[PDB]
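Just one chain is shown here, as structure tokens, and it is the form deposited without the named molecule.
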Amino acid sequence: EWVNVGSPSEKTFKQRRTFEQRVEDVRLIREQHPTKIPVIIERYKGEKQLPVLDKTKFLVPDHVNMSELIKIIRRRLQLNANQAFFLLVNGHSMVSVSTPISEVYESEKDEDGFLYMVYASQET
């Protein structure tokens, strides 16, 4: 019954900005890119295998699907084709990957309007 306190260095994009900052951010870009889906992608906390991604915020054309997106992040991470890789949403991978991101948004988006993803070598 012992709170494990995290290093304040370890904090996610969400943990670093305020709710109203986040809600505001979203409304701003959606006014400028109403055809795009704003996505936050970060390395899973406990993960040594895969590297840290240079950029973290992504505007995804609202037609693009999980299969394409996955492809895109692998390339951005410069993985070899034999590395295992998962993009996770609300902690779990995506079953339909021909489903376009705008559908996924509406079901999985966050209270603050962002869509949060996380990547790993294992599927949990």
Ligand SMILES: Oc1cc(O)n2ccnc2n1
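The numbering used is simple: start at 1 and walk along the sequence shown.
One more form of this protein, solved in complex with the named molecule, exists but is not displayed; see below.
Q: Once the site C-alphas are superposed and the named molecule is modelled as in the entry with it bound, is the result open or blocked, blocked being 3 or more ligand atoms within 2.4 Å of any backbone or C-beta atom of this form?
A: This form leaves the site blocked.
Q: Closest heavy atom of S93 to the named molecule in the entry with it bound, within 4.5 Å or not?
A: Yes, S93 lies within 4.5 Å of the named molecule in the entry with it bound.
Q: Decide whether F86 counts as a contact residue for the named molecule in the entry with it bound under a heavy atom distance cut-off of 4.5 Å.
A: Output for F86 is yes: heavy atoms within 4.5 Å of the named molecule.
Q: Heavy atom within 4.5 Å of the named molecule in the entry with it bound: which residues of 51-76 meet that condition, in order?
A: Residue within 4.5 Å: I70 only.
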